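To start, the structure under review is shown below, and the notes come after it.
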Amino acid sequence: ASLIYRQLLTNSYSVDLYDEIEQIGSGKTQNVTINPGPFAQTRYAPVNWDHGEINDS
Amino acid sequence: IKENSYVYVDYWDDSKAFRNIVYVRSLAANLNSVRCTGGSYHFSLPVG
């Protein structure tokens, strides 16, 4: 059971290796592509307000 | 203008409620009736 202390001290180099893991995995580019769901969006339209038809003569 | 005649007033506004009027299932409203009165007009006449 004392072997755990020896293993930790011996394998401590994996700490620096893990530091490299994380601090270059952050450097590497990742992009979680959140979707649009199966249900699709849509806006009304380009709508502009104006005065209606005028009865000229 | 008589009972036969109608009078139209186009109206619009840049508020949220009016800007959301693009699709409509039902649009009801009640208004206060008002009196329209006619003024006087001098027919500019170069004689008489």
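Each chain of the structure tokens is named A, B, ... in the order shown, its residues numbered from 1; ligands are numbered from 1 in display order.
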| task | Identify every residue of chain B that has at least one atom within 8 Å of any atom of chain A, counting only C-alpha atoms, and report the result as JSON, numbers by chain. | result | {"B": [10, 11, 12, 22]}
| task | Taking the DSSP assignment computed from this structure's backbone, write out as an MDAnalysis selection string all residues of chain A that belong to alpha helix (DSSP H). | result | chainID A and resid 3:11 13:25
| request: For CA of residue 37 (chain B) and CA of residue 4 (chain B), quote the distance in Å rounded to one decimal. | output: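 One can read the CA of residue 37 (chain B) to CA of residue 4 (chain B) distance as 17.9 Å.
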